[PDB]
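Before any comments, here is the structure.
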4 protein chains.
Amino acid sequence: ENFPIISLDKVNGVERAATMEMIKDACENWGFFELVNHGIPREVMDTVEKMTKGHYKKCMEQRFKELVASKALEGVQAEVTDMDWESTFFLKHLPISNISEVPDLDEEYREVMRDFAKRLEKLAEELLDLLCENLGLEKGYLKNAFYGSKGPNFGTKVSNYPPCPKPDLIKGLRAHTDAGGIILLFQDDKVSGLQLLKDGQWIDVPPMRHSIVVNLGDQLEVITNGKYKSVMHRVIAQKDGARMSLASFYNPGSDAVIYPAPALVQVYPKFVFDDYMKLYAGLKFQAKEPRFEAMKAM
Amino acid sequence: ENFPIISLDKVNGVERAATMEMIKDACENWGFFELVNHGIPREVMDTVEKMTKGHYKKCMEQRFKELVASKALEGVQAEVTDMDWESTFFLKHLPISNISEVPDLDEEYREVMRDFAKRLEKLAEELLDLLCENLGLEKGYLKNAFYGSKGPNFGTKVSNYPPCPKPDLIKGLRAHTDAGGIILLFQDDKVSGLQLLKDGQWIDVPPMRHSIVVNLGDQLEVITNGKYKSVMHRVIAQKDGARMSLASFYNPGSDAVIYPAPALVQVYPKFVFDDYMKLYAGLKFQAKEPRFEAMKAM
Amino acid sequence: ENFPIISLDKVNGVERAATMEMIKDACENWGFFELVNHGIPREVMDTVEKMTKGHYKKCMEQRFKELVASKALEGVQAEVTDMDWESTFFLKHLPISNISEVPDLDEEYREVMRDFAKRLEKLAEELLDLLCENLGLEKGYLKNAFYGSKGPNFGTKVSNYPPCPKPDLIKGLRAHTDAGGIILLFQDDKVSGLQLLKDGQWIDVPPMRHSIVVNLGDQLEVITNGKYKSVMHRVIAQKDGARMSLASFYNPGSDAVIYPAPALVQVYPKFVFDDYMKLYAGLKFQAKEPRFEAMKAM
Amino acid sequence: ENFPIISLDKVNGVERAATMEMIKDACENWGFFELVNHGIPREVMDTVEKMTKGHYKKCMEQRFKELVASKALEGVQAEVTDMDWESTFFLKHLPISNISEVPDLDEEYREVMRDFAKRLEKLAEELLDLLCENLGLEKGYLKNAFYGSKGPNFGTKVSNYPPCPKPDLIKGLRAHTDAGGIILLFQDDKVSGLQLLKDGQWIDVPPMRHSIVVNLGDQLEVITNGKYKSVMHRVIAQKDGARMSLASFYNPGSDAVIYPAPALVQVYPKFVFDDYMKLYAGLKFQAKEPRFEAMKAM
Ligand code: NI
Ligand code: NI
Ligand code: NI
Ligand code: NI
């Protein structure tokens, strides 16, 4: 019954019970919701957008000069059509902020991303408390569970990309659930180009200006014992939609022990988060002894 | 007075003198013309288009599987937005046909490119004879001059690409003339996305279905003693234009001695074609003695 | 009690029972043996060696020209010390021979590798029959089990490399067992630079001229139900040892169902070989449902 | 009459005239000399050596983990023999110190390279004054000429590498002169593996412990009007020689106008240093008009 667009300002007013029930429905039946009025000004978001696209334009002009020169060595003229327009870089925020160390950024850009990261962290931890309330758990339970020793892993994937040549090329393309905790996507434009899978069929995430698309990953499903499931999805670059994405991942800390909350109890396993990501990466079957056991299980 | 669109069938009929004068004007004042009715059926061109896009789709599906796997090693989920959609490969035709050796092609594809290359070679050599006539030179003079010992260098750059994220990113992007002989561009769609520079300003090459965009390179300017100049240009991927290009270069042979025709005589130099491409590639100033002389000249 | 050096000519003579018992001991307690007098002339091996090093020298001279040119673009002089001396390429033999398709080889080289591959296949299948006899299995049981539908996967990794800068850099470097069936290593020089792990400690494979170092992989351990174990090992480039390796892998076919032989019966699993290599590669935990089950097992 | 080994401490003592004449001979007839007792303690050099090799060992262990993982995706086991042992990175000192920005270094390492760079700068500027005296020029003339506006380009190439597989592979390998000003090489071991060309034949640079191999580049030849020539040379990794190099280049500033000193006057050209490096890189013949003129000259 339509995608959950949720006005987050309504959670400190008279329409709170409706808004929290809307979040509850989203968490249980969609695994995805779109936030508006979320305590991050348009001032801040447009500043992030303007400067990211500025940095992107520098990288593309630099890339073309290098392409023209490298192609010229082969006795070949580089065209603009030979461009790899894709550019992606990651920024660590927690536990240690890696914005200082990332190459080729303005200082004014670095400051705004430190500010932007601080604001999202509060939003993420606010949302986790709203989930804690809907689930019937104490405030900061999910923040606590995500902490481990050092603290939770938090970071932003900043990517700029062209549109797809034709949509039919993305026909038999593989989808996924996010392995992490909670994910917050900020984009330019209205159109995200993001689809999710509900009851066998693709639904587009509706376009909204100045919105944050939130979704739940595999860890929240383990902690909620299957109640809040991580849903299948895929992001596709639309012809006249978004061409810039800022996916911010708030996952548990490396050494954090993840398990279903005792109260919320067919049964999801107990494990350390780094082991889950080591299974995901495929490092846990480099020795032969693991492999024989896994083949015995299958 | 509008871009030269030239119906090549008219060169064996009553409207020949007009058509040859149209080619003459194009050669002298545009360095570029667009051919229609050129002795290559729509049957053949659409067969080249269909199968190239088929091969492109295989490469992109393969590239995504590898991207998903390689990104997964870093504990990162690959999105479709992370795709490098650019794919380019070259096919040698003359003097030795390298279609047999190029990896990852269908046999049905290889055959059609051998056929397509044979047809373009005849078209290129036909066009060169039409230029020979307009200039006042014997039939096959330009074919002869291009030959050297082994024969002329002929090959096709086959590229598939996405559209540019925004046209403003291609604002301060560098243009060029082609270093070679004569260049024949076949694309999908009507819109080439190709602009050329005439009297300080960009003119778009008009869209035409089933056309071959011909243009003259630096060598024909040397051979014509500045009469047929190689013009500045740049190709840009339009949002809903062409996303496939087949640039076929008919250049002189490596050891071919290029110089202005004695009859057509401020004075263009004499040189071997490989030396020109070695200057272009920047191999001719690796030793210090060349560099001191070049700095003495400047 | 010393590494098993096995003269294979002795298997059709009076010293056969001793030689087969030597193979039995090697298969059970070493997982590794070194063959001499193996039905491949020194004529053939030296022809393989001479031409591989010839092809390697072409690739290195070509690589330096490209390195000098690519570095020159950055205003930097390339030194010989900037060389990546490592060069590796794979040749498929069975089920479909890919020697025809591999780029940048002489025809005389291609022919000898087709011959060399044919000879090794016979040697591998001979050795498998000798193992079949020692185990108490019918002739061609292991060849049969490896077959599947199309046939067994057979191919050669051809690599050329420099020596290690210092041996201490290879101190905390990870070792492994081979995932495949049976592996046959041919090298230049006497010194392989190959060590294997027996009872907690590294033993060098002894140097022998014109030898083939054979070893058993994980699949033969599954088929023998732990009787012939695949042993840990690592190959290291010695300062004045081998600088060329030809590791030939005779593994089961993709769709071959591997399981312990009924007669030889704590219990090794049943599985298709492609699933084992998909676990090895880490493709079998890209979806979330597999991961939750694996974490439930641990 | 043997390579010039020069004790630099002797320039403030009774054997000064002999030592300066030794430098004069080296500058005129060798283009190369080896310094000992040069005002940089063994304390400092061994500290640079120890920590660089430490950083190198971290990079190689990291590279192997990535190699094992990336190869595992293809169903292939990575061996130690598959290692690219080559590792090179550049450090800018003047005009702006880029040691702060270079990734993956210890802070203790960064400090020592800032100290090491400060000491070499003084040595380089000392040597330039000694050349100024031998030539008959005022103190700091070469420092002045190198300055331009911002200051001289100064930086260190820090590289670690394996030995060459066989010396015959480096048979037909191309040599060069250095395009810059003055170059100072510090290595581990005694054996540099460095040869230079004098009267048609290769001479090895003699091995010396704790030495700095100095040589003159193309710019000093222009400034001295051919009197101090930049000599041909090549560095080769010896089997049991040096496996670490620190080539420090003290070149003129980008905008510095280089020309023969009026007093020292067949005639070397006047030019800005960035134009010389743009000719070297091959950027100055991307447009057609330059190319026609260059072919007219030839
Ligand atoms: Ni996702
Ligand atoms: Ni062009
Ligand atoms: Ni192995
Ligand atoms: Ni040098």
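Computed from the coordinates by the stated procedures, all read-outs in this text should not be read as laboratory data. Ideal geometry is used to build each Cβ from the backbone, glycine not excepted, and the neighbour counts take in all protein chains shown.
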(Q) Need one word for segment A:80-183: rounded, prolate or oblate. Basis is the Cα gyration tensor (sqrt eigenvalues a ≥ b ≥ c); a/c below 1.5 gives rounded, then a/b vs b/c decides. (A) oblate
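For B:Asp168 and D:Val14, what does the FRET efficiency come to when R0 = 60 Å and r is the distance between their Cβ atoms, rounded to the nearest 0.05?
Working: r = 72 Å, r/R0 = 1.19.
Efficiency computed from Cβ-Cβ geometry: 0.25.
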(Q) If each label sits 7 angstrom from Cα along the C-beta direction, how far apart, in nm, is B:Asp204 from its counterparts in the other copies? (A) 2.5, 6.9, 7.3
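Give the shape of segment C:69-125 as rounded, prolate or oblate, defined through the alpha-carbon gyration tensor: a ≥ b ≥ c are the square roots of its eigenvalues, a/c under 1.5 means rounded, and otherwise the shape is prolate if a/b is larger than b/c and oblate if not. Intermediate values should be presented prior to the final figure.
Values: a/c = 3.72, a/b = 2.98, b/c = 1.25.
Taking the square roots of the gyration eigenvalues as a ≥ b ≥ c, segment C:69-125 is prolate.
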**Q.** Karplus (6.51, -1.76, 1.60) ³J(HN,Hα), θ = phi - 60°, over segment B:43-57, in Hz, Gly and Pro reported as x
**A.** 3, 6, 4, 5, 5, 5, 5, 4, 6, 5, 5, x, 4, 4, 5
Q. Put a point 7 Å out from Cα along the line to Cβ at A:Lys139; what are the distances to that point in the other copies, in nm, shortest first?
A. 7.4, 8.3, 9.5
Q. How many angstrom separate the Cα center of segment D:130-165 from the Cα center of segment A:234-298?
A. 54
Q. Residue by residue, what Karplus-based ³J(HN,Hα) values in Hz, rounded to whole numbers, does segment C:104-113 have, using 6.51, -1.76 and 1.60 with θ = phi - 60° and x for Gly and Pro?
A. 6, 10, 6, 5, 4, 5, 3, 4, 5, 5
(Q) Classify the protein assembly as shown from the C-alpha gyration tensor, please: rounded if a/c falls under 1.5, else prolate or oblate depending on whether a/b exceeds b/c. (A) rounded
Q. Considering every residue in B:167-174, what mean count of other chain Cβ atoms within 10 Å of its Cβ is obtained?
A. 5
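Summing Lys, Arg as +1 and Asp, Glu as -1, what charge do residues with Cβ under 12 Å from the Cβ of A:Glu86 carry, A:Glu86 excluded? Provide the component values of the computation, followed by the final result.
Details: positive: A:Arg63, A:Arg243, B:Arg63; negative: A:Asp84, B:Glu79, B:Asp82, B:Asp84, B:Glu86.
After counting each charged neighbour, the total is -2.
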(Q) List the residues, sorted by chain then number, that are 5 or more residues from D:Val272 or on another chain and whose placed amide H is less than 5 Å from its amide H. (A) D:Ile258
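Using the alpha carbons of chain B, what is the convex hull volume per residue in cubic angstrom, as a whole number?
Working: hull volume 55.1 nm³, N = 298.
Roughly 185 Å³ of hull volume per residue.
So for each of A:286-296, A:37-47 I average, over its residues, the number of other beta carbons within 10 Å; can you give me the resulting order with the highest mean first?
Details: A:286-296: 16.3, A:37-47: 14.1.
Per-residue Cβ counts within 10 Å, averaged per peptide and sorted highest first, yield A:286-296, A:37-47.
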Q) Using the Karplus equation 6.51 cos²θ - 1.76 cosθ + 1.60 (θ = phi - 60°), what ³J(HN,Hα) coupling, rounded to whole Hz, does each residue of segment A:196-208 give in order, writing x for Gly and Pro? A) 9, 9, 10, 6, x, 10, 6, 10, 6, 6, x, x, 9
Q | Paramagnetic reach from D:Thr88 in segment D:221-251 [backbone N under 14 Å; point 7 Å along Cα→Cβ] | A | D:234-237, D:244-249
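Mind checking C:13-19 for the average number of partner chain beta-carbons within 10 Å of each residue's beta-carbon? Display every interim value, and only then the final one.
Values: counts 0, 0, 0, 0, 0, 0, 0.
The shielding value for this peptide is 0.
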Q: For segment D:22-66 and segment B:61-98, write down the distance between their C-alpha centroids in whole Å.
A: 41
